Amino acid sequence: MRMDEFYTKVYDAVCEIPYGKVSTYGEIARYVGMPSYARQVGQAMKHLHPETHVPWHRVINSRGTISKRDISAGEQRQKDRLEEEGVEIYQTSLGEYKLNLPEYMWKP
């Protein structure tokens, strides 16, 4: 499979995560049949434009935290979105935001 397809397949899968659930880079990656490709799902999400109607906020790492995402710390926005979805998050010592995976985890 070529990139650009992959992407389309990701976004498809991401568009499938239910309102108020979530998944992880890792899961998605395996979902679309390329388990080794977490990081890239990462990047697929990165490249989307704001105007997207693709649920990129519903994807976080396997440690139930909002991925660091150093460049453009304006990922604060991912938090907001997720709260208004009802999902409930808190911070940590060392900052970060985090939630209860077993609950919110989309178990397809």
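Throughout, rigid core stands for the largest set of C-alpha atoms superposing within 1.5 Å between the two forms. So that there is no doubt, residue numbering starts at 1 and follows the sequence shown.
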item	value
Divergent stretch in 8 other deposited structures of this protein, 74 to 82 or 38 to 46 [C-alpha RMS, superposed by the core]	74 to 82
Greater root mean square CA deviation, 91 to 99 compared with 17 to 25 in 8 other deposited structures of this protein, core aligned	91 to 99
Mean C-alpha temperature factor, higher of 88 to 96 and 19 to 27	88 to 96
Given 79 to 87 and 57 to 65, the range whose Cα B-factors average higher in the PDB entry	79 to 87
Ranked C-alpha temperature factor of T52 among modelled chain residues, by third	lowest
Where the record places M3 (Cα B-factor, split into thirds across the chain)	lowest
Position of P35 among the chain's modelled residues by C-alpha B-factor, lowest, middle or highest third	middle
